[PDB]
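Peer 1: Going line by line, the protein sequences match chains A and B.
Just so it is clear: in the first sequence, position 203 is 334 by my numbering, and no numbers are missing.
Just so it is clear: in the second sequence, position 104 is 235 by my numbering, and no numbers are missing.
Idealized CB from N, CA, C, for every residue including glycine.
Before anything else, here's the structure in question.
Protein chains: 2
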Amino acid sequence: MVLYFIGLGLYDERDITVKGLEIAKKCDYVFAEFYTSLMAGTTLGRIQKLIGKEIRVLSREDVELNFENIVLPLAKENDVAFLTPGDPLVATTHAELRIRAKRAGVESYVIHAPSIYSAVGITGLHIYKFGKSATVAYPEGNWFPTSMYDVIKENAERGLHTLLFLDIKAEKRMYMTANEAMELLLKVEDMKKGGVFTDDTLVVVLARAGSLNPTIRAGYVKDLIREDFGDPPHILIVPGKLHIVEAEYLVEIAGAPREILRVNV
Amino acid sequence: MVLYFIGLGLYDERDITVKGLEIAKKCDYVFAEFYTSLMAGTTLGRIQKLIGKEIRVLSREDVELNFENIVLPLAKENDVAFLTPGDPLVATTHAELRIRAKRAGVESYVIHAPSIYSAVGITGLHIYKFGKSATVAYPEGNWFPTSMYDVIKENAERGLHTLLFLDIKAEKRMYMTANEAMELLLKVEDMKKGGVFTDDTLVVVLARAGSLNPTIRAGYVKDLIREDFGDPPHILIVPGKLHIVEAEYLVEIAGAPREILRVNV
Ligand SMILES: Nc1ncnc2c1ncn2[C@@H]1O[C@H](CSCC[C@H](N)C(=O)O)[C@@H](O)[C@H]1O
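Written out as structure tokens, the structure reads:
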């Protein structure tokens, strides 16, 4: 009698780990949420098919307000599993749910899955060189988010790369593009003129990580802010000072201007 | 005419994604490497039975010096797979291999899998608050590494968490423990007296991630320095200032002492 946190992966249903599939296949009740990220290459049907169980989907409100009412209860008598895109505990507040589980007298286990946070390694940028991370959020009301700007500034000053999580509103089916983010940033630039994010800043975009053919592009903002990378989800990265080997991967694989090959030491 | 970089996961032969397995089976040749890391929770033999293909294990020199002489040739006329622990491209040196694949006129695809870099999310610490990452390499002869120490310093300075990869001797099959890593850090503290890592520093240890029974513990060095965290591999983490939720998780789940609720928050 337990509760399982299983990640479904980056793109399609096949991105679940074997461990995760075997275990999902033996649980009595299987819940899931699809609001923390977007798996562009699959459908609830295929997941349900692959697993072999009916998956009751939950909304942000069900999860955040009644997890212990809807899911935890069954967990005491049965073997329940909660599915989520990517890795269940990366860039979500699901970790807290484990405390609910404990306090509800329920044993919980975690089955990891490929996360966008580590998939960025496909851009050639050294993983250890990524600093703090941030999320470009949808502007709303009379307030224009600005934190993500300072973060890029802080990391850049230290020579670190910045991972920018783009926003999502599942219910409204809104998936921020790298373009919608490059614009939101250029605006924060003018508001602060910090030299952080301009038209000559180098940027890398990763779209549909997990698919066989993700869109990996690196270039100056001016030349990319008006490009079609493809369907979502999109991720934006503002690199710091590149290593020669990083620059070479970006040029040879990501299609960046040959000029970055010449790094400023 | 195609090369696949498939990730093997975190601990056992089941940490591979259904994607990576289905593909690995459809390959004419399968290579692997276990020098960047080690699947402590399985064996090459158990892995070979899951894939149902034999696997030629490549040494470090093999890959870094003659990848284009051992792997790429067969990739021209067949579909070849290259297995590596964790998620590919998280080992900085693997990325450049894709360039070589192109140079030799070969298609290369990447099949991600759970990485320790993202799995750390299970510690209850927020992913975005992780800063630059470092590695605690085994000292040798007159050599006494110290960069890691500074990496911690710069991160916690900015309220960021520090993920410390512990060293490994693949061949000799020798895992560095969290305890050992702590002793090394305390030794650098005494050498630089920066206040960065002391008997009162709070740390989190994560052992055997990916397993259903990983060890997750959090406390002050003076109590974890000699604590037994179980079989390898080990990962050490020096957290920055904690959000009340991280602290609660570290207490409710990682058995951290209540003191952290009022000291490290
Ligand atoms: N497959 C993918 N490709 C590119 N970006 C992705 C992605 N999956 C998620 N993202 C990015 O991350 C955001 C969701 S945050 C949730 C991440 C998920 N928990 C994980 O472990 O991967 C998306 O809005 C997008 O900005």
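Name, going along the chain, the residues of the stretch 354-376 of chain A whose beta-carbon falls closer than 8 angstroms to a beta-carbon of chain B.
Peer 2: Listed by position, the residues of the stretch 354-376 of chain A near chain B (Cβ gap below 8 angstroms) are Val376.
Peer 1: Give every residue whose Cβ lies closer than 5 angstroms to any heavy atom of ligand 1, listed in chain order.
Peer 2: Output, sorted by chain position: A/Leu141, A/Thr167, A/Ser168, A/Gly217, A/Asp218, A/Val221, A/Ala222, A/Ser246, A/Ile247, A/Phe296, A/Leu297, A/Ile299, A/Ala340, A/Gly341, A/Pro364, A/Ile366.
Peer 1: Going by CA-CA distance only, name the one from B/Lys284, B/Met313, B/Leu189, B/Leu152 that's closest to B/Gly262.
Peer 2: Cα-wise, what sits closest to B/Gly262 is B/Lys284.
Peer 1: Helix, strand or coil, according to DSSP, for residue 81 of chain A in the structure here?
Peer 2: Any property of residue 81 of chain A remains undetermined from this structure, which presents chain A solely from 132 to 396.
Peer 1: For B/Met279, count neighbouring Cβ atoms within 10 angstroms of its own Cβ and tell me buried if that reaches 16, exposed if not.
Peer 2: By the 10 Å Cβ count, B/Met279 comes out buried.
Peer 1: Going by DSSP, which residues form a beta bridge with A/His365?
Peer 2: In DSSP, A/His365 forms a bridge with A/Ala338.
Peer 1: Interface residues of chain B around A/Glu285 at Cβ under 7 angstroms?
Peer 2: The answer, in chain order, is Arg289.
Peer 1: Does B/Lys323 pass the burial test, meaning 16 or more other C-beta atoms within 10 Å, or should it be called exposed?
Peer 2: B/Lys323 should be labelled exposed.
Peer 1: Pick helix, strand or coil for A/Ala235, following the three-state DSSP scheme.
Peer 2: In the structure shown, A/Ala235 sits in coil (DSSP, three-state: anything other than H, G, I, E or B).
Peer 1: Residues of chain B with a CB under 7 angstroms from the CB of A/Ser168: which are they?
Peer 2: The contacting residues do not exist; A/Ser168 stays about 13 angstroms from chain B at best.
Peer 1: Please name the residue in B/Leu169, B/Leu291, B/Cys158, B/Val133 whose C-alpha comes closest to that of B/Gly140.
Peer 2: Looking at the Cα atoms, B/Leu169 is the closest of the given residues.
Peer 1: Taking 8 angstroms as the CB-CB cut-off, is residue 121 of chain B touching chain A?
Peer 2: For residue 121 of chain B there is no data in the structure shown, the boundaries of chain B being 132 and 396.
Peer 1: To test your reading of the DSSP string, which unbroken beta strand (DSSP E) runs of 3 or more residues are found completely within the stretch 283-363 of chain B?
Peer 2: Whole beta strand (DSSP E) segments, 3+ residues: 293-297, 333-338, 346-351.
Peer 1: Is the CB of B/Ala349 under 8 angstroms away from at least one CB in chain A?
Peer 2: Chain A, which has no Cβ nearer than 8 angstroms to the Cβ of B/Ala349, makes this no.
Peer 1: Of the residues that make up the stretch 243-262 of chain A, which ones have a beta carbon closer than 8 angstroms to any beta carbon in chain B?
Peer 2: The stretch 243-262 of chain A vs chain B, Cβ under 8 angstroms: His243, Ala244, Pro245, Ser246, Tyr248, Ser249, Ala250, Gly252, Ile253, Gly255, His257, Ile258, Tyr259, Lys260, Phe261, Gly262.
Peer 1: I'd like the list of long-range same chain contacts for A/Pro219, defined as Cβ closer than 6 angstroms, with 5 residues on each side in sequence excluded.
Peer 2: Taken in chain order, the residues that qualify are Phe136, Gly138, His225.
Peer 1: B/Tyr248: which of B/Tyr240, B/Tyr259, B/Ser239 sits nearest, CA to CA?
Peer 2: That would be B/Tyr259, whose Cα lies nearest to the Cα of B/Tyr248.
Peer 1: Should A/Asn286 be labelled buried (16 or more other beta-carbon atoms within 10 Å of its own) or exposed?
Peer 2: Buried, because 16 or more other Cβ atoms sit within 10 Å of the Cβ of A/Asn286.
Peer 1: Going along the chain, which residues of its own chain have a beta-carbon closer than 8 angstroms to the beta-carbon of A/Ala250, five neighbours each way excluded?
Peer 2: Cβ neighbours of A/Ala250 beyond the five flanking positions: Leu141, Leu337, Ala340, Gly341.
Peer 1: Suppose contacts are defined by Cβ-Cβ distances below 8 angstroms. Is B/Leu256 in contact with B/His292 by that definition?
Peer 2: Taking 8 angstroms as the Cβ cut-off, B/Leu256 and B/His292 qualify as a contacting pair.
Peer 1: Go through its chain and collect everything with a Cβ distance to residue 397 of chain A's Cβ below 8 angstroms, but skip five positions before and after it.
Peer 2: Past the boundaries of the shown model lies residue 397 of chain A; chain A is included only from 132 to 396, so the question cannot be answered.
Peer 1: Out of B/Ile186, B/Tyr166, B/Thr167, point me to the one whose CA is closest to B/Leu175's CA.
Peer 2: Comparing Cα positions, the closest option is B/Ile186.
Peer 1: Taking 8 angstroms as the threshold (C-beta atoms), are A/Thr332 and A/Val352 in contact?
Peer 2: Yes. Within cutoff.
Peer 1: Spatial neighbours of A/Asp359 within its chain, please: CB distance less than 6 angstroms, with the 5 preceding and 5 following residues excluded, ordered by chain position.
Peer 2: Closer than 6 angstroms at the Cβ level, and outside the excluded window around A/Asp359, lies no residue.
Peer 1: Could you work out which residue in A/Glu199, A/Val188, A/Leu134, A/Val335 is closest to A/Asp159 when comparing CA atoms only?
Peer 2: Ranking the options by Cα distance to A/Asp159, first place goes to A/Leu134.
Peer 1: Give the single residue among B/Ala378, B/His243, B/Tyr380 whose Cα lies nearest to the Cα of B/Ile154.
Peer 2: Ranking B/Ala378, B/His243, B/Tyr380 by Cα distance to B/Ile154 puts B/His243 first.
Peer 1: Taking Cβ to Cβ, would you say B/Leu373 is nearer than 8 angstroms to B/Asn395?
Peer 2: Yes, they are a contact pair.
Peer 1: Considering only the alpha carbon of each residue, which of A/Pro216, A/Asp146, A/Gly172, A/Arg145 lies closest to A/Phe162?
Peer 2: The shortest C-alpha separation from A/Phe162 is found at A/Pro216.
Peer 1: In three-state DSSP terms, what is B/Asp210?
Peer 2: It is a strand residue.
Peer 1: Just the chain C side, please: which residues come within less than 8 angstroms of A/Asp218 by C-beta, in chain order?
Peer 2: The chain labelled as chain C is not found among the protein chains of the depicted structure, namely A and B.
Peer 1: When you compare the CB of B/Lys150 with every CB in chain A, is at least one pair closer than 8 angstroms?
Peer 2: Answer yes: the Cβ-Cβ gap between B/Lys150 and chain A drops below 8 angstroms somewhere.
Peer 1: Once the 5 residues before and after B/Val221 are set aside, which same chain residues still bring their CB inside 7 angstroms of it?
Peer 2: Cβ within range, chain order: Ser246, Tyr248.
Peer 1: Between the stretch 291-304 of chain B and chain A, which residues of the former have a C-beta closer than 7 angstroms to a C-beta of the latter?
Peer 2: Residues passing the 7 angstroms Cβ filter: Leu291.
Peer 1: So what does B/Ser249 bridge to, in DSSP terms?
Peer 2: DSSP, once it has assigned bridges, lists no residue as partnering B/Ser249.
Peer 1: Would a check of beta-carbon distances place B/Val202 closer than 8 angstroms to chain A?
Peer 2: Not an interface residue.
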